[PDB]
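Residue numbers (the deposited numbering), protein chains in the order written: chain C, 1073 to 1124; chain E, 98 to 149. Okay, so here's the structure we're looking at.
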Amino acid sequence: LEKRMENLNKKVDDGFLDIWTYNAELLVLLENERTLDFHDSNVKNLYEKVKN
Amino acid sequence: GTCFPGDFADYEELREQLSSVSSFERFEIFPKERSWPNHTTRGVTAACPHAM
């Protein structure tokens, strides 16, 4: 006789999990691209220093 | 709705139970002419009209 309370509890539990999974997948995919661009920029700075 | 006045016990729970229902099959749990041979089943009220 408490089906509404059960559905509210599953809504809360299933709504937090989607947010945290999105947050994790997005953070890993932006930091990977930042890491690769950082490495490319470092190689460019070495070439500019030897050129100069 | 309830033409005769009163209280519907656990109405919102019935709404929540009937949300996830596909089909219903209406059947006769107690026959009116057979199961009450010693009582008068002919009961009407003026709080629920039907065709004047």
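We put the CB at the ideal spot given by N, CA and C, even for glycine.
Whether residue i touches residue j by CB criterion (8 Å)
i, j, result
"residue 1075 of chain C", "residue 113 of chain E", "yes"
"residue 1073 of chain C", "residue 110 of chain E", "yes"
"residue 101 of chain E", "residue 143 of chain E", "no"
Residue i versus residue j - alpha carbon distance
i, j, result
"residue 134 of chain E", "residue 128 of chain E", "11 Å"
"residue 137 of chain E", "residue 99 of chain E", "23 Å"
"residue 1106 of chain C", "residue 1116 of chain C", "15 Å"
"residue 122 of chain E", "residue 132 of chain E", "21 Å"
"residue 106 of chain E", "residue 1103 of chain C", "56 Å"
"residue 1137 of chain C", "residue 1111 of chain C", "No answer is possible for residue 1137 of chain C: it lies beyond the span of chain C, which begins at 1073 and ends at 1124."
"residue 1077 of chain C", "residue 119 of chain E", "22 Å"
"residue 104 of chain E", "residue 1090 of chain C", "41 Å"
"residue 1119 of chain C", "residue 1101 of chain C", "28 Å"
"residue 116 of chain E", "residue 108 of chain E", "12 Å"
Of the residues the options, the one placed nearest residue i, counting alpha carbons only
i, options, result
"residue 130 of chain E", "E:139, E:124 and E:122", "E:139"
Which residues of the stretch 108-120 of chain E have a Cβ closer than 8 Å to any Cβ of chain C? Give them in chain order.
109, 110, 113 and 114
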